[PDB]
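Below is run_29.cif, which holds mmCIF, C-alpha atoms and all ligand atoms.
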data_coords
#
loop_
_atom_site.label_atom_id
_atom_site.label_comp_id
_atom_site.auth_asym_id
_atom_site.auth_seq_id
_atom_site.Cartn_x
_atom_site.Cartn_y
_atom_site.Cartn_z
CA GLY A 1 88.73 115.57 75.91
CA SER A 2 92.16 114.48 74.70
CA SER A 3 94.35 111.94 76.50
CA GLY A 4 97.94 111.13 75.58
CA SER A 5 101.27 110.94 77.39
CA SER A 6 104.27 108.73 76.59
CA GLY A 7 106.69 107.41 79.20
CA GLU A 8 110.35 108.12 78.49
CA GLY A 9 111.69 105.14 80.43
CA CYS A 10 113.40 102.33 78.54
CA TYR A 11 117.06 102.33 79.60
CA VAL A 12 118.07 101.05 83.04
CA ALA A 13 121.11 101.77 85.20
CA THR A 14 121.51 99.48 88.21
CA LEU A 15 118.12 100.79 89.34
CA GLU A 16 114.77 99.16 90.11
CA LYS A 17 111.48 100.21 88.52
CA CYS A 18 108.49 101.07 90.73
CA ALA A 19 105.88 98.32 90.41
CA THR A 20 103.20 100.95 91.00
CA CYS A 21 103.66 103.81 88.54
CA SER A 22 106.20 101.97 86.39
CA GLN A 23 108.99 104.51 86.87
CA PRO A 24 112.76 104.16 87.43
CA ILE A 25 113.60 104.73 91.10
CA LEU A 26 116.44 107.20 91.64
CA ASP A 27 115.71 109.00 94.92
CA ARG A 28 115.00 106.08 97.24
CA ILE A 29 114.16 102.40 96.73
CA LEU A 30 111.64 100.80 99.09
CA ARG A 31 111.75 97.00 99.13
CA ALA A 32 108.31 95.45 99.61
CA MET A 33 106.78 92.10 98.68
CA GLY A 34 110.13 91.18 97.15
CA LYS A 35 109.71 93.83 94.46
CA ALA A 36 110.87 97.45 94.51
CA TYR A 37 108.47 100.37 94.95
CA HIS A 38 108.62 104.10 95.69
CA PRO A 39 108.59 105.32 99.31
CA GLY A 40 105.40 107.17 98.45
CA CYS A 41 103.61 104.97 95.93
CA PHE A 42 103.25 102.05 98.33
CA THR A 43 99.78 102.57 99.81
CA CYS A 44 96.59 100.71 100.71
CA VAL A 45 93.87 100.07 98.13
CA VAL A 46 90.91 100.68 100.45
CA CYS A 47 91.85 103.48 102.84
CA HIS A 48 94.80 104.46 100.64
CA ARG A 49 97.22 105.06 103.50
CA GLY A 50 101.01 105.10 103.41
CA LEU A 51 102.30 101.69 104.47
CA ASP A 52 105.93 102.83 104.44
CA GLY A 53 106.96 101.48 107.83
CA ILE A 54 103.98 99.40 108.91
CA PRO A 55 102.75 95.78 108.67
CA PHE A 56 100.33 94.75 105.92
CA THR A 57 98.89 91.79 104.02
CA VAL A 58 98.09 91.03 100.37
CA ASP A 59 95.81 88.60 98.55
CA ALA A 60 95.28 86.80 95.24
CA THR A 61 93.95 90.07 93.81
CA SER A 62 97.32 91.58 94.71
CA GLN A 63 95.61 94.46 96.51
CA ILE A 64 97.81 95.31 99.50
CA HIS A 65 95.29 95.74 102.32
CA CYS A 66 96.43 97.30 105.59
CA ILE A 67 96.07 94.93 108.54
CA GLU A 68 93.20 97.04 109.86
CA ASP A 69 91.21 97.01 106.62
CA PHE A 70 92.17 93.41 105.89
CA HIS A 71 90.82 92.56 109.34
CA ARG A 72 87.66 94.54 108.63
CA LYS A 73 87.20 93.14 105.12
CA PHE A 74 88.40 89.54 105.35
CA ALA A 75 87.61 89.23 109.06
CA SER A 76 84.01 90.42 108.77
CA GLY A 77 82.44 87.25 110.13
CA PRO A 78 81.88 83.74 108.74
CA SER A 79 83.11 83.60 105.14
CA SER A 80 84.14 80.93 102.64
CA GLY A 81 85.35 80.79 99.05
ZN ZN B 1 106.10 104.89 91.91
ZN ZN B 2 93.49 100.19 104.26
#

Show this structure as structure tokens.
Ligand SMILES: [Zn+2]
Ligand SMILES: [Zn+2]
Amino acid sequence: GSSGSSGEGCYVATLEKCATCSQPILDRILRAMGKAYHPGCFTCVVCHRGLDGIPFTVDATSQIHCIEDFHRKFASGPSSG
């Protein structure tokens, strides 16, 4: 099994780079968490659902967790740490 693929993306023209796939946004730029991401890349880490137009919450791990999940993971009873 061979694995190799370069990423032709060095130059930049008044465009933001997706903080998910590391690609230059040209079609549409979705502002989230201060940074810029693709309107399709932005998704949950657990359920992996599109959060393009819905509330969410992140953590130290930087793993955007949809309110629901976050409420089912973090809010799963008495926890501390
Ligand atoms: Zn992307
Ligand atoms: Zn989720």

Where does chain A meet ligand ZN 1 (chain B) within 7 Å, residue by residue, with the nearest atom pair and distance in Å to one decimal for each, counting only C-alpha atoms and all ligand atoms, listed by chain and rising number, as JSON lines?
{"residue": "A:18", "atom": "CA", "partner": "B:ZN1", "partner_atom": "ZN", "distance": 4.7}
{"residue": "A:19", "atom": "CA", "partner": "B:ZN1", "partner_atom": "ZN", "distance": 6.7}
{"residue": "A:20", "atom": "CA", "partner": "B:ZN1", "partner_atom": "ZN", "distance": 5.0}
{"residue": "A:21", "atom": "CA", "partner": "B:ZN1", "partner_atom": "ZN", "distance": 4.3}
{"residue": "A:22", "atom": "CA", "partner": "B:ZN1", "partner_atom": "ZN", "distance": 6.2}
{"residue": "A:23", "atom": "CA", "partner": "B:ZN1", "partner_atom": "ZN", "distance": 5.8}
{"residue": "A:37", "atom": "CA", "partner": "B:ZN1", "partner_atom": "ZN", "distance": 5.9}
{"residue": "A:38", "atom": "CA", "partner": "B:ZN1", "partner_atom": "ZN", "distance": 4.6}
{"residue": "A:40", "atom": "CA", "partner": "B:ZN1", "partner_atom": "ZN", "distance": 7.0}
{"residue": "A:41", "atom": "CA", "partner": "B:ZN1", "partner_atom": "ZN", "distance": 4.7}

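Atom pair atom CA of residue 13 of chain A / atom CA of residue 50 of chain A: separated by 27.3 Å.
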
Report as a Markdown table the residues of chain A within 9 Å of ligand ZN 2 (chain B), each with its shortest atom pair and distance in Å (one decimal), using all atoms listed in the file, ordered by chain and increasing residue number.
| residue | atom | partner | partner_atom | distance |
| --- | --- | --- | --- | --- |
| A:43 | CA | B:ZN2 | ZN | 8.1 |
| A:44 | CA | B:ZN2 | ZN | 4.7 |
| A:45 | CA | B:ZN2 | ZN | 6.1 |
| A:46 | CA | B:ZN2 | ZN | 4.6 |
| A:47 | CA | B:ZN2 | ZN | 3.9 |
| A:48 | CA | B:ZN2 | ZN | 5.7 |
| A:49 | CA | B:ZN2 | ZN | 6.2 |
| A:51 | CA | B:ZN2 | ZN | 8.9 |
| A:56 | CA | B:ZN2 | ZN | 8.9 |
| A:64 | CA | B:ZN2 | ZN | 8.1 |
| A:65 | CA | B:ZN2 | ZN | 5.2 |
| A:66 | CA | B:ZN2 | ZN | 4.3 |
| A:67 | CA | B:ZN2 | ZN | 7.3 |
| A:68 | CA | B:ZN2 | ZN | 6.4 |
| A:69 | CA | B:ZN2 | ZN | 4.6 |
| A:70 | CA | B:ZN2 | ZN | 7.1 |

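Considering only C-alpha atoms, the residue among A:76, A:9, A:61, A:52 positioned nearest to residue 32 of chain A is A:52.
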
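Ranking A:79, A:36, A:71, A:12 by their shortest atom-to-atom distance to residue 57 of chain A, with all atoms listed in the file included, puts A:71 first.
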
Can you report as lines of an AutoDock Vina configuration file the centre and edge lengths in Å, to one decimal, of an axis-aligned box around the listed atoms of segment 22-34 of chain A padded with 5 Å on each side?
center_x = 111.3
center_y = 100.1
center_z = 93.0
size_x = 20.2
size_y = 27.8
size_z = 23.2

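Separating atom CA of residue 26 of chain A from atom CA of residue 58 of chain A is a distance of 26.0 Å.
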
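Distance check against residue 62 of chain A using all atoms listed in the file: of A:33, A:15, A:10, A:25, the minimum falls on A:33.
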
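For the atom pair formed by atom CA of residue 55 of chain A and atom CA of residue 72 of chain A, the distance is 15.1 Å, given to one decimal.
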
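Nearest to residue 35 of chain A of all the residues A:16, A:53, A:73, A:5 is A:16, counting all atoms listed in the file.
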